[PDB]
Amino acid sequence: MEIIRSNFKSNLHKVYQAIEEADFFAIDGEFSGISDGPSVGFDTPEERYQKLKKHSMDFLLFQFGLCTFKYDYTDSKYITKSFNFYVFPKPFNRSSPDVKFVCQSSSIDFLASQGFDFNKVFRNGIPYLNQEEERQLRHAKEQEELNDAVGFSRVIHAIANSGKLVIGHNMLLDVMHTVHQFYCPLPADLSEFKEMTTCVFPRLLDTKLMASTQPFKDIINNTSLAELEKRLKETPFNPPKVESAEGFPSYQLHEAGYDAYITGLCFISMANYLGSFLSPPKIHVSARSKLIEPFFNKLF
């Protein structure tokens, strides 16, 4: 589903429900760009975080893709619902903060070649407020515009509170943008950034990292999402039986929702392959299984 501003309020209950029925979700986002200077080295994990927070966190995440996966046991298949949410920090009043973001020509050019509609962002973007901004901005329609101003952050709240596993692929920037924009502006120290992430994403998993770890490291040559999905269709892996839910669309031009979906199919093949190190070997391994626990909360 393409979810914009005029659209957001009525589709929100479908999203909550998708989140609730799900075993896990995958996410992905498009940004207005990646780096303001260097191609981004002799840097500790904390110096890299500070270099990323300076040169990458001024760019905007303006398309959030969400794909929801639910296993049907009496059919042996996953059922998917995917969403594309277009977001823009439209200021509420002349009192609200006025965001300056950075746009990167090559990235805009890339998004355009994938058929991106910049009007869904710059005209129809869903507004949002972070934690402080919401509390700080505090008759029937007057209380409506107020609770509608938190906007897309409502969706981030539901994910965080679900507790359920959240999958991404090479998701550091995805996660930094998300917390920075919807929860709270990024702190100076990596230590406390790790504390915030835990409040927005208590269970994280990065398919690129998973694919870069044993026993996957010895089989997988390329961990790019495109090549990873291609590789996970052949032996010793098995493509999963997946189907979109009744009434929902289904799947190619790069785009958040699609990537979130492909990321999800990747995690599923990789997880199912772990079943083969059991006796007897399982063909199906849940997202809650203990085989998957050593891959959680990495992307250190």
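Numbers for residues come from their place in the sequence shown, where the first is 1.
The deposited sequence places 10 or more unmodelled residues between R138 and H139.
Coordinates are absent for 4 to 9 residues of the deposited sequence placed between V40 and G41.
As recorded in the PDB entry, 284-292 is the stretch of 21-29 and 284-292 with the greater mean C-alpha temperature factor. Higher mean CA B-factor, judged across 266-274 and 50-58 from the recorded values: 50-58.
Looking only at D206, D109, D174, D148, the residue with the top Cα B factor in the deposited structure is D148. Within the selection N124, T74, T80, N170, the deposited Cα B-factor values reach their highest point at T74. Ranked by C-alpha B-factor against the other modelled residues of its chain, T68 falls in the lowest third.
Per-chain ranking of the deposited C-alpha B factor places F237 in the middle third. For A260, the recorded CA B-factor ranks within the lowest third of the chain. Only modelled residues enter the ranking. Per the PDB record, residue ranking by Cα B-factor puts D218 in the middle third of the chain. Per the PDB record, residue ranking by Cα B-factor puts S105 in the lowest third of the chain.
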